[PDB]
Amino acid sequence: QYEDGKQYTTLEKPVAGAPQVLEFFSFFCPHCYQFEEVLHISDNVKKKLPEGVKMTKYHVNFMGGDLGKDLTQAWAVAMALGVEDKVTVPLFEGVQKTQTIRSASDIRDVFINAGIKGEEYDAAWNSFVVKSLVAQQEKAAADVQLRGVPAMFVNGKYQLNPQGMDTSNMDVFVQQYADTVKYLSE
(Lines of atoms letter the chains of each structure in order from A and count residues from 1; the text may use other names and numbers.)
(Lines give C-alpha, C1' and ligand atoms only; values in the text may rest on other atoms or scores of the structure.)
Protein backbone atom coordinates (compact mmCIF):
# COMPACT_ATOMS: atom_id res chain seq x y z
CA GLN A 1 0.00 0.00 0.00
CA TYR A 2 2.98 2.41 0.43
CA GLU A 3 3.32 3.67 -3.14
CA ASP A 4 5.33 6.56 -4.55
CA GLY A 5 2.69 9.12 -5.56
CA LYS A 6 0.15 7.95 -2.96
CA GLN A 7 1.10 8.70 0.68
CA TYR A 8 4.30 10.44 -0.45
CA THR A 9 6.20 11.71 -3.50
CA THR A 10 9.91 11.53 -4.35
CA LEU A 11 12.01 14.63 -5.02
CA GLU A 12 13.52 14.88 -8.50
CA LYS A 13 16.39 16.79 -6.90
CA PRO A 14 17.20 15.19 -3.51
CA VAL A 15 18.82 17.40 -0.86
CA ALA A 16 22.16 16.27 0.57
CA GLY A 17 22.65 16.73 4.32
CA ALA A 18 19.03 17.73 4.97
CA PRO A 19 17.38 17.19 8.39
CA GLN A 20 15.97 13.65 8.82
CA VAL A 21 12.39 14.90 9.27
CA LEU A 22 11.77 18.45 8.07
CA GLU A 23 8.49 20.32 8.46
CA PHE A 24 7.70 23.73 7.00
CA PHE A 25 4.91 26.00 8.22
CA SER A 26 3.64 29.59 8.44
CA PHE A 27 1.77 31.20 11.35
CA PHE A 28 -0.39 32.92 8.66
CA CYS A 29 -1.55 29.68 7.01
CA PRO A 30 -5.01 28.41 8.05
CA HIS A 31 -4.00 24.92 6.87
CA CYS A 32 -0.95 25.08 9.19
CA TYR A 33 -3.24 26.13 12.07
CA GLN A 34 -5.33 23.00 11.33
CA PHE A 35 -2.17 20.84 11.28
CA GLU A 36 -0.86 22.20 14.56
CA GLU A 37 -3.82 23.15 16.76
CA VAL A 38 -6.47 20.56 15.73
CA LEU A 39 -4.56 17.58 14.32
CA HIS A 40 -1.31 17.95 16.32
CA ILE A 41 0.65 16.42 13.41
CA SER A 42 4.16 17.23 14.73
CA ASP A 43 3.47 15.62 18.16
CA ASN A 44 2.07 12.41 16.66
CA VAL A 45 4.87 12.09 14.13
CA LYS A 46 7.36 12.47 17.00
CA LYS A 47 5.64 9.70 18.99
CA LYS A 48 6.15 7.23 16.13
CA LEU A 49 9.73 8.15 15.22
CA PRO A 50 12.57 5.73 16.07
CA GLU A 51 14.44 6.94 19.20
CA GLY A 52 17.46 8.21 17.21
CA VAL A 53 15.48 10.48 14.86
CA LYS A 54 14.98 14.21 15.49
CA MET A 55 12.27 16.51 14.08
CA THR A 56 13.07 19.90 12.58
CA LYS A 57 10.48 22.60 12.01
CA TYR A 58 11.04 25.80 10.03
CA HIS A 59 8.93 28.90 9.40
CA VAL A 60 8.40 30.20 5.83
CA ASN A 61 7.78 33.82 4.82
CA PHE A 62 6.15 33.69 1.39
CA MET A 63 2.92 34.72 3.11
CA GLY A 64 2.25 37.67 5.44
CA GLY A 65 4.73 40.21 4.03
CA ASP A 66 6.98 42.07 6.50
CA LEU A 67 5.29 40.49 9.52
CA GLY A 68 5.91 37.12 7.85
CA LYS A 69 9.60 38.06 7.85
CA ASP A 70 9.38 39.03 11.53
CA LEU A 71 7.66 35.74 12.36
CA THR A 72 10.48 33.78 10.68
CA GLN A 73 12.95 35.73 12.85
CA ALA A 74 10.82 35.09 15.97
CA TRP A 75 10.78 31.38 15.19
CA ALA A 76 14.60 31.48 14.98
CA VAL A 77 14.57 33.05 18.47
CA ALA A 78 12.19 30.28 19.62
CA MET A 79 14.61 27.66 18.24
CA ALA A 80 17.70 29.41 19.70
CA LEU A 81 16.08 29.64 23.14
CA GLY A 82 14.36 26.23 22.90
CA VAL A 83 10.91 27.66 23.71
CA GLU A 84 8.91 26.40 20.69
CA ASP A 85 6.42 24.62 22.97
CA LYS A 86 5.73 27.85 24.86
CA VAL A 87 5.05 30.17 21.90
CA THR A 88 3.49 28.08 19.08
CA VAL A 89 -0.07 28.19 20.44
CA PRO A 90 -0.16 31.90 21.40
CA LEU A 91 1.51 32.90 18.08
CA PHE A 92 -0.98 30.82 16.04
CA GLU A 93 -3.96 32.10 18.06
CA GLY A 94 -2.68 35.70 17.97
CA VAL A 95 -2.24 35.79 14.18
CA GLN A 96 -5.31 33.78 13.12
CA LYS A 97 -7.92 33.56 15.90
CA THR A 98 -7.85 36.89 17.76
CA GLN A 99 -5.86 38.73 15.05
CA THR A 100 -4.12 40.65 17.86
CA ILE A 101 -0.62 40.11 16.34
CA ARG A 102 0.08 42.81 13.73
CA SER A 103 3.67 43.93 14.46
CA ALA A 104 7.07 42.81 15.77
CA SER A 105 6.08 44.32 19.14
CA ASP A 106 3.04 42.02 19.39
CA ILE A 107 5.29 39.03 18.70
CA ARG A 108 7.64 40.13 21.52
CA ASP A 109 4.68 40.31 23.96
CA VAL A 110 3.84 36.65 23.36
CA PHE A 111 7.37 35.58 24.34
CA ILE A 112 7.24 37.67 27.53
CA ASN A 113 3.80 36.35 28.52
CA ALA A 114 5.23 32.86 27.90
CA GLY A 115 7.83 33.32 30.67
CA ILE A 116 10.82 34.13 28.47
CA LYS A 117 12.90 36.99 29.93
CA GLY A 118 12.86 40.34 28.07
CA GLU A 119 16.65 40.73 27.94
CA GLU A 120 16.88 37.13 26.73
CA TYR A 121 14.58 37.83 23.73
CA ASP A 122 16.32 41.02 22.59
CA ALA A 123 19.79 39.48 22.87
CA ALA A 124 18.51 36.49 20.86
CA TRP A 125 16.68 38.66 18.30
CA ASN A 126 19.83 40.63 17.40
CA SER A 127 22.27 37.69 17.68
CA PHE A 128 24.43 36.12 14.93
CA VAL A 129 22.97 32.73 15.97
CA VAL A 130 19.50 34.02 15.01
CA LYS A 131 20.81 35.60 11.78
CA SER A 132 22.25 32.17 10.95
CA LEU A 133 18.98 30.43 11.86
CA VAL A 134 16.93 32.74 9.65
CA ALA A 135 19.25 32.01 6.69
CA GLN A 136 19.14 28.27 7.56
CA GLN A 137 15.30 28.27 7.32
CA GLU A 138 15.44 30.19 4.02
CA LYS A 139 18.09 27.87 2.53
CA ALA A 140 16.10 24.74 3.45
CA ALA A 141 12.91 26.04 1.77
CA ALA A 142 14.90 26.92 -1.36
CA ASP A 143 16.69 23.55 -1.35
CA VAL A 144 13.42 21.60 -1.52
CA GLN A 145 11.86 24.10 -3.99
CA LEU A 146 9.07 24.85 -1.52
CA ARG A 147 5.89 26.16 -3.15
CA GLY A 148 3.40 25.57 -0.31
CA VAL A 149 2.70 24.86 3.36
CA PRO A 150 2.19 22.75 5.37
CA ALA A 151 4.89 20.42 4.08
CA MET A 152 7.04 17.61 5.44
CA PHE A 153 10.20 16.06 3.97
CA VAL A 154 12.05 12.88 4.96
CA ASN A 155 15.81 12.52 4.44
CA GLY A 156 15.72 15.28 1.79
CA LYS A 157 14.31 12.59 -0.51
CA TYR A 158 10.57 12.22 0.11
CA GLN A 159 7.69 14.67 0.50
CA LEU A 160 4.56 13.72 2.46
CA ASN A 161 1.34 13.58 0.40
CA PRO A 162 -1.63 14.15 2.76
CA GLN A 163 -3.92 14.26 -0.30
CA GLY A 164 -3.49 10.49 -0.57
CA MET A 165 -4.63 9.74 3.01
CA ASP A 166 -8.09 9.13 4.48
CA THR A 167 -9.76 12.25 5.98
CA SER A 168 -13.16 11.00 7.23
CA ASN A 169 -11.72 10.50 10.72
CA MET A 170 -9.12 12.90 12.04
CA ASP A 171 -7.44 10.29 14.27
CA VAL A 172 -7.16 7.87 11.31
CA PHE A 173 -5.69 10.68 9.19
CA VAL A 174 -3.13 11.73 11.82
CA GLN A 175 -1.96 8.14 12.33
CA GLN A 176 -1.70 7.35 8.58
CA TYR A 177 0.44 10.50 8.29
CA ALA A 178 2.61 9.62 11.30
CA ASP A 179 3.05 6.02 10.01
CA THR A 180 4.12 7.25 6.55
CA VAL A 181 6.87 9.41 8.09
CA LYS A 182 8.03 6.40 10.11
CA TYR A 183 8.06 4.11 7.06
CA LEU A 184 10.07 6.66 5.06
CA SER A 185 12.48 7.23 8.00
CA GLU A 186 13.02 3.50 8.50
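Just count from 1 along the sequence shown to find any residue number.
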**Item:** Between the two ranges 20-28 and 7-15, the one averaging a larger CA B factor in the entry
**Value:** 7-15
**Item:** Stretch exceeding the other in mean C-alpha B-factor - 136-144, 120-128
**Value:** 120-128
**Request:** For the C-alpha B-factor as written in the entry, point me to the maximum among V60, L67, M152, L39.
**Result:** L67
**Request:** Looking at the entry's B-factor column for C-alpha atoms only, identify whether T72 ranks in the lowest, middle or highest third of its chain.
**Result:** lowest
**Request:** Divide the modelled residues of the chain into thirds by Cα B-factor and specify which third, lowest, middle or highest, holds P90.
**Result:** lowest
**Fill in**
The third of the chain into which the C-alpha temperature factor of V45 falls is the middle
**Where the record places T98 (Cα B-factor, split into thirds across the chain)** = middle
